[PDB]
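Here's a solo chain for you in structure tokens, the form deposited in one PDB entry.
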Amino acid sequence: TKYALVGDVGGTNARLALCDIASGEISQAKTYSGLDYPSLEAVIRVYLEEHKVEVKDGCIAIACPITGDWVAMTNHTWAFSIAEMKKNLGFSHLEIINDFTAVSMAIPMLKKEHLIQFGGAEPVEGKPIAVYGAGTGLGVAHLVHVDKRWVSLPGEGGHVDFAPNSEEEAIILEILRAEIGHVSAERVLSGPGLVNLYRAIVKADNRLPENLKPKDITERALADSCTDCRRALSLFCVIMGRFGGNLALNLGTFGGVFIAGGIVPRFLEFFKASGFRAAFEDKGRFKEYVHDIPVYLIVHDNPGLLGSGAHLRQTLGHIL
């Protein structure tokens, strides 16, 4: 058959599309609100009837941990067993992968207009790749090319210990360690991480924080209306660089460091002028090591759908 089902479920939104098995091309993308449907398979059934095409294979990416037949969404009230949905749909293959796996698998399919470069030279072919994004949480994955095939290396890299460098970063660690216990990088590189950076900075002045959400941190920083909001956003960009620099040092990722969407596009212009690349290269003797490594921001509209098709096609035996 010519088409397989591809998906990208991210909380309240379920995006489904058709993927050409021969080419990996995505088409007929439809987005359904998860609040209007009781199950993911209910959406898939509605989508399959509308396009009147027969599919036997499928690969859906979900923004939740996937290990075990029972997939449970972070807050959304969708939970299912992969085998039950496999039997109910009559599917030959039903791949259910983490959303960050799919995003990493889309990188071999991306062209340069889907990327924005932040410093560095050209990538080195055949070298490892680091992918990380700061959204609701801190997703981290790695990409390695072995024998014409792309293997995805998953993990929970977002929960490694936060590593402060400057003075200002050290006071933040001290404040957070007093409230929470171990302080992971996710506590400062994420949606809630922006608030944590804000709340820590306000308490650094021996004051009490004001209650506002990450969306209020961003536009107040961009409007120059709250001095603390711009301070936290600038520190968030610096910490994003330091984190990305550690990733490149650890795995020698001369294929590139990729930022996967998240909250960064909400302040793209502010991010462009920050000390992100400076903190990325602030590695002591090994600035020259990561100096030439390029950092790209993925601006492709649907990397989850693209990478789900790439992973499924490789599963079925195609070479990307």
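We call the rigid core the largest set of C-alpha positions that still match within 1.5 Å between the two forms. Residues carry their position along the shown sequence, with the first being 1.
Q: Please work out which of 286-294 and 247-255 has the higher mean CA B-factor as recorded in the PDB entry.
A: Stretch with the higher mean C-alpha B-factor: 286-294.
Q: Select between 178-186 and 208-216 the stretch whose C-alpha atoms have the higher average B-factor in the entry.
A: Here the higher of the two C-alpha B-factor means belongs to 208-216.
Q: What's the residue among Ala61, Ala29, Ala278, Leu48 with the greatest CA temperature factor in the PDB record?
A: That would be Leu48, according to the entry.
Q: Of the options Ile116, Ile129, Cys237, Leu89, which has the highest CA B factor as deposited?
A: Of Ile116, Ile129, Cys237, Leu89, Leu89 has the highest C-alpha B-factor.
Q: Lowest, middle or highest third: which one holds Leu110 when the chain's residues are ordered by CA B-factor from the entry?
A: Ranked within chain, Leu110 CA B lands in the middle tercile.
Q: Please place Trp150 in the lowest, middle or highest third of its chain according to the CA B-factor in the PDB entry.
A: Middle third - that is where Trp150 ends up once the chain's C-alpha B-factors are sorted.
Q: Considering every modelled residue of the chain and its Cα B-factor in the PDB entry, is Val160 in the lowest, middle or highest third?
A: According to the entry, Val160 has a C-alpha B-factor in the chain's lowest third.
Q: Ordered by C-alpha B-factor within the chain, which third holds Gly24? Give me lowest, middle or highest, please.
A: CA B-factor rank for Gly24: middle third.
Q: If you rank the chain by CA B-factor, which third does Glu169 end up in: lowest, middle or highest?
A: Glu169: CA B-factor falls in the middle third of its chain.
Keep in mind the form deposited in another entry is missing from the figure; the text below concerns it.
Q: If the two forms are fitted on the core, does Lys52 show a Cα displacement reaching 2 angstroms between the shown form and the other one?
A: The answer is yes, as the C-alpha of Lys52 shifts between the shown form and the other one by 2 Å or more after core alignment.
Q: Verify the C-alpha shift of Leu115 between the shown form and the other one: is it 2 Å or more after superposing the core?
A: No; that C-alpha moves by less than 2 Å between the shown form and the other one.
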